[PDB]
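*Asks:* Below are the structure tokens for one structure; questions will follow.
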Amino acid sequence: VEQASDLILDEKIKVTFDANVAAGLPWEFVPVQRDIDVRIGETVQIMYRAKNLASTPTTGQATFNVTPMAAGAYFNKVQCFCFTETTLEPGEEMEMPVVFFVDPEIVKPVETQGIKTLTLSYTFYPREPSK
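In the UniProt record's numbering, the protein residues as written are 55 to 185.
Take a look at the structure:
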């Protein structure tokens, strides 16, 4: 429950935040690190930041693949929507904290049964008017 010390068993499980960007979002979408580890539950704060480098406002509405393959379900980002890139005016600095961990429920089902490097492949590529 945006904390996990019932479930923080020892697996220092590595995670690989695959941030990507293309024309469609002309924003300096910085990952904080490529990757982290969490003790399967360890609520770590990882920010994200986006400077809008269009010379016009853009939207953002960026697609992802929230999984290495099997898992994704077990990707404990915060719920309630809040990846708010949405829209920015030309020069505006979006930044937000995310708090994150891997669910140790990953080490339960046949689905995963071996999967342990979580990744979210984020693709900032919706639409620019012109940068």
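Here a beta-carbon is modelled for each residue, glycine too, at the ideal position from N, C-alpha and C.
#1: Have a look at residue 62 and residue 130 and give me their C-alpha separation to the nearest angstrom.
#2: In this structure, how does DSSP classify residue 149 when only helix, strand and coil are distinguished?
#3: Identify the continuous beta strand (DSSP E) that holds residue 175 and give its terminal residues.
#4: Nearest-angstrom Cα distance between residue 185 and residue 143?
#5: Among the residues of its own chain, which have a CB less than 8 Å from the CB of residue 149, if the five just before and after it don't count?
#6: Would residue 58 be called buried (16 or more neighbouring beta carbons within 10 Å of its own) or exposed?
#7: So, under 8 Å CB-CB, residue 108 and residue 80 are touching, yes? Tell me the CB distance rounded to an integer number of Å.
#8: Which class does residue 82 belong to by DSSP, given the choice of helix, strand or coil?
*Replies:* According to the data block:
#1: Straight-line Cα distance between these residues: approximately 13 Å.
#2: Strand at residue 149.
#3: 172 to 178
#4: Whole-angstrom Cα-Cα distance: 12 Å.
#5: Excluding residues within five positions, the ones whose Cβ falls inside 8 Å are 101, 102, 103 and 104.
#6: buried
#7: 5 Å
#8: Reduced to three states, the DSSP call for residue 82 is strand.
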